[PDB]
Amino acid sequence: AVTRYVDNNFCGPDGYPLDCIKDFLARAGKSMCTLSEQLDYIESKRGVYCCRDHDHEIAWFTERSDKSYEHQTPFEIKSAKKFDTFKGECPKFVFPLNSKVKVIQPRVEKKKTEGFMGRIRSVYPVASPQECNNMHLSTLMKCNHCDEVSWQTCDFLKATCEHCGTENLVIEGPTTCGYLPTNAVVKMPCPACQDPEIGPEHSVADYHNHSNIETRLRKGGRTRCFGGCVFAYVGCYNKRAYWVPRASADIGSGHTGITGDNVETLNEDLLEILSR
């Protein structure tokens, strides 16, 4: 399918390169040029009309690294906002508008710790699992029992309605990851760990085969986007799976903001209640 909306760097709403633009650059001499050079070429070839048989439209301004287009990812975004001359309604984007993006830098233990602590210490300089702080995720969504649309605290799979107490399956809608804590994690009960025929010594493949949490596979990594963050699975401890926001955004006050379709006003309005 044609990806119409892009950032000013010609990357899509998920933060990744479009196959059509990648091929367009490759057909010219330019797949290994810098992003700046590639964008100069695209601007010289009618910008959003460069593909000829379909149109693009710039919805976002992003600051990115200068890596070649084919190597651009959401982890190469430094900041994101609405494009100054885009006057339409912003579609869903991987990061909230008017935000700065932080990427977790991998750590190397001088002395590899075994088990879960070695896995988490490749992410955070923590001495114990309890130094990790669980995030508070929420989604603005309808409750099937009381029909109200409200902010339901959730994990990746289940949300709870604050009006009536009903658990609801998480569906697409405005999402936030709350404030970004130090040593940020999202903890969920691990089905593989709970199954006696599999159990806590399971593999990473075992985790994803039984979690029921869909991921995107790309260049050997698996991620799930939610609420302005890009999450990856780290490992399990005491039968809970730990995910970390390998990328997170900050709209102000350390808050991850709101992502989703038609959330521009919501995300702006949220900033106002973070301070006085």
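Throughout, we count residues from 1 along the sequence that is shown.
Taking the PDB entry as given, 88 to 96 carries the higher mean Cα B factor of the two stretches 173 to 181 and 88 to 96.
Once the C-alpha B-factors are averaged per stretch, 21 to 29 and 262 to 270 rank with 21 to 29 first. The residue among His163, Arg119, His145, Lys102 whose C-alpha atom has the highest B-factor in the PDB entry is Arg119. Annotation for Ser248, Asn212, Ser68, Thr223: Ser68 ranks highest, by Cα B-factor.
In this PDB entry, the Cα temperature factor of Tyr207 sits in the middle third of its chain's modelled residues. The entry lists a Cα temperature factor for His136 that places it in the lowest third of the chain's modelled residues.
Per the deposited record, the Cα B-factor of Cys229 falls in the lowest third when ranked against the other modelled residues of its chain. The PDB entry assigns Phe75 a C-alpha temperature factor belonging to the middle third of its chain's modelled residues.
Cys190: CA B factor lies in the middle third for its chain, per the PDB record.
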